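No hydrogens, no waters, no symmetry mates; every other heavy atom, side chains included, goes into these values. All chains are named by letter (A, B, ...) in the order of the sequence lines, taking the proteins before the strands, and each is independently numbered beginning at 1.
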Amino acid sequence: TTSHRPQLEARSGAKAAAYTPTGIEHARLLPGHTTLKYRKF
RNA sequence: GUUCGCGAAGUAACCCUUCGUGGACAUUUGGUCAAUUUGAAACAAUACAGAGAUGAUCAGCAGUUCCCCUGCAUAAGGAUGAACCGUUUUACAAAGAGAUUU
Ligand SMILES: [K+]
Ligand SMILES: [K+]
Ligand SMILES: [K+]
């Protein structure tokens with residue numbers, strides 16, 4: 001059977017760059033650690 | 001409509017009452033959209049068949065895809081979700097030999 005295959009190339013992000021996205025709100029993307037820390041001097 | 005001012009009629013004259021007249025106040029809603037067949041939802045129903053790696057029965061996890069579905073979801077599930085299984089000819093040259101032709 002040929003359904004079991006090694007990867008010839010990985011799926012590129014350029015394909016998704018052209019897609020029109022949806023407005024789903026992900027739990028991990030909710031506001032958190034909203035302020036950046038900076039070093040002295 | 002209200003109110004400020006003016007003409008007038010009524011009244012003995014004011015108040016008050018009416019007809020006329022000027023100014024002030026208040027100033028542009030709503031539709032991406034019409035009410036059954038012809039601008040688009042799907043399941044279901046009838047039939048047949050009964051799931052990959054196998055001699056046999058099965059757990060799977062992935063990858064690739066201009067297939068996605070369920071789910072709050074970057075989780076998980078959907079037959080390992082499904083499809084995958086076919087078709088495949090030239091960067092075409094070098095050395096040499098024996099036959100063909102003037
Ligand atoms: K079966
Ligand atoms: K399985
Ligand atoms: K699965």
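Between the P atoms of B:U70 and B:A44, the separation comes to 14 Å (whole Å). Separation of the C1' atoms belonging to B:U80 and B:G52 is 7 Å when rounded to the nearest angstrom. Using atom P as the reference point in both B:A51 and B:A82, the two lie 13 Å apart (nearest Å). B:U11 and B:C16 have their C1' atoms separated by 10 Å, with the value rounded to a whole Å. Comparing B:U17 with B:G23, their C1' atoms sit 23 Å apart, to the nearest whole Å. Between B:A53 and B:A83, the two P atoms lie 13 Å apart (nearest whole Å). Going from the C1' atom of B:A26 to that of B:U3 covers 13 Å, rounded to whole Å. Rounded to whole Å, the P atom of B:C61 lies 14 Å from the corresponding atom of B:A75.
Base-pair partner of B:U90: not found among the strands shown (Watson-Crick or G-U wobble, both distances under 3.5 Å). The pairing partner recorded for B:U3 is B:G23, the criterion being a Watson-Crick or G-U wobble arrangement whose two distances lie under 3.5 angstrom. Nucleotide B:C16 forms a pair with B:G10, judged by Watson-Crick or G-U wobble geometry with both contacts under 3.5 Å. Shown here, B:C48 forms no base pair; nothing in the strands shown gives a Watson-Crick or G-U wobble contact with both key distances under 3.5 Å.
Residues that satisfy the side-chain contact (heavy atoms from CB on, under 4.5 Å) test with A:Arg11, not counting sequence neighbours, are A:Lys15, A:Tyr19. For A:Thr1, the side-chain hydrogen bond (donor to acceptor under 3.5 Å, both in side chains) criterion is met by A:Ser3, not counting sequence neighbours.
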Taking only distance into account, with no hydrogens and no angle test, what donor-acceptor pairs under 3.5 Å do side-chain atoms of residues 32-41 of chain A form with protein atoms, sequence neighbours excluded?
none

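In this structure, B:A83 forms no base pair with B:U27 under the Watson-Crick or G-U wobble definition at 3.5 Å. Pairing check for B:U54 against B:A34: the two fail the Watson-Crick or G-U wobble geometry, since the two atom distances are not both under 3.5 Å. B:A99 and B:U32 are not base-paired, meeting neither the Watson-Crick nor the G-U wobble geometry with both donor-acceptor distances under 3.5 Å.
With a 5.5 Å centre cut-off and a 30° plane cut-off, the bases of B:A41 and B:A42 come out stacked. Consecutive bases B:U57 and B:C58 are counted as stacked, their six-membered rings lying with centres under 5.5 Å apart and planes tilted under 30°. Stacking between B:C33 and B:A34 is absent, since the six-membered rings do not have centres under 5.5 Å apart together with planes under 30°. Classification of the B:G60/B:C61 step: stacked, the six-membered rings being closer than 5.5 Å at their centres and less than 30° apart in plane orientation. Under the 5.5 Å centre and 30° plane thresholds, the six-membered base rings of B:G52 and B:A53 are judged to be stacked.
Judged by the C1'-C2'-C3'-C4' torsion, which is positive here, the sugar of B:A97 sits on the north, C3'-endo side. In B:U74, the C1'-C2'-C3'-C4' torsion is negative, which places the sugar in the south family. Sugar conformation at B:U87 is north: the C1'-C2'-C3'-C4' dihedral has a positive sign, consistent with the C3'-endo side. Its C1'-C2'-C3'-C4' torsion being positive, the sugar of B:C61 is assigned to the north family. A positive value of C1'-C2'-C3'-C4' puts the sugar of B:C4 in the north, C3'-endo-like family.
Residue A:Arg11 has no polar side-chain atom (N or O) positioned under 4.0 Å from OP1 or OP2 of B:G63. Distances shown here put a side-chain N or O of A:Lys15 below 4.0 Å from the OP1 or OP2 atom of B:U65.
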Would you give a per-nucleotide map of nucleotides 77-85 of chain B, 5' to 3', where B means the base has a protein non-hydrogen atom under 4.0 Å away, S means only the sugar-phosphate does, and - means neither? ---B---BB
Tabulate atom names and distances for all N/O pairs under 3.5 angstrom spanning the protein and nucleotides 67-75 of chain B.
unit_1	atom_1	unit_2	atom_2	d
B:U74	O2	A:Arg28	NH1	2.9

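The number of heavy atoms from other shown groups lying within 6.0 Å of CG (A:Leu8) does not exceed 12.
Contact record, A:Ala10 with A:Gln7: CA-NE2, 3.7 Å, taken as the closest heavy-atom pair.
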